[PDB]
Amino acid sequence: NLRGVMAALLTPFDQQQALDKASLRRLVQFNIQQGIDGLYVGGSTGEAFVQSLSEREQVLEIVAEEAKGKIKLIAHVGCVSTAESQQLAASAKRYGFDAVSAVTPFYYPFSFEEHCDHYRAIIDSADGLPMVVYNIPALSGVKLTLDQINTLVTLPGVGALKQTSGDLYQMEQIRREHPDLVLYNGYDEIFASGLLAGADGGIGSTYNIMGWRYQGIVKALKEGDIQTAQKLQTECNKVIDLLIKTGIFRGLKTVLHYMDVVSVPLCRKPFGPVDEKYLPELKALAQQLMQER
């Protein structure tokens, strides 16, 4: 079962921008400890697009060694290139991941038929692991229609859709057309509303530092406690407001650093460092979250 609340994993680096293996392992265990349902590895949040294929494979392998069998593992193997995506898909299979995922190839304009074959090819290389289609127009620049999304999710081998879109009319339409589809809400800031619209879970960057809040929203809605669901979402959004100001990945890494999970809170260039004017708020947030749970 792929339904659930899963954190989009960050990739810790050292002062020289190389992978910090010890912090990667610590972050994986940290997520498992807070009760996350699984991890989405090698996606936007893992800074995969500023990593080489071998670096992405190194991360996939380490995460699997640390969490395989404990929580669900989804490997985002998407690249612009189909061949590169296939290589990562085959490696994900070798490492024992539960599923693979791929963002719609970007930069170059591709036809819908080309997108479809891209997914089919990756699915073939995944050799048995279900595919999680990844729709994120804001970053990819690829704007799919409802009909096209329906076609992609019905392709043989596709078992889920990560929907990073704020269009909750479309979210409802997708659920209506696919009653059994695993549908992950992609924008943390509308999680509650996304679930109400039809999503049955979610994948997000902020889950790394407060995943229990999202689990709390799932529970609140299940119990019909709208008040609690809204309060939790509101608190999540106060945090998201901050992270958007500071820079999301580096802000999260900085909080995790103050929690003693991540040794060095740096992202790879061109991402810059966190503006020191935000440290007081980030330190206070880490303290608050550590006390909270």
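So that there is no doubt, residue numbering starts at 1 and follows the sequence shown.
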{"item": "Entry-level comparison of average CA B-factors, 140-148 and 164-172, reporting the higher stretch", "value": "140-148"}
{"item": "Residue stretch of maximal mean CA temperature factor, 250-258 vs 223-231", "value": "223-231"}
{"item": "Criterion, highest CA B-factor; candidates, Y134, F191, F110, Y184", "value": "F110"}
{"item": "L129 by Cα B-factor - lowest, middle or highest third of the modelled chain", "value": "highest"}
{"item": "Assigned third (lowest, middle, highest) for the C-alpha B factor of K238", "value": "lowest"}
{"item": "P105 CA temperature factor, ranked by third within the chain", "value": "middle"}
{"item": "Chain-wide C-alpha B factor ranking for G96, given as lowest, middle or highest third", "value": "highest"}
{"item": "Within-chain third of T82 by Cα B-factor, per the entry", "value": "lowest"}
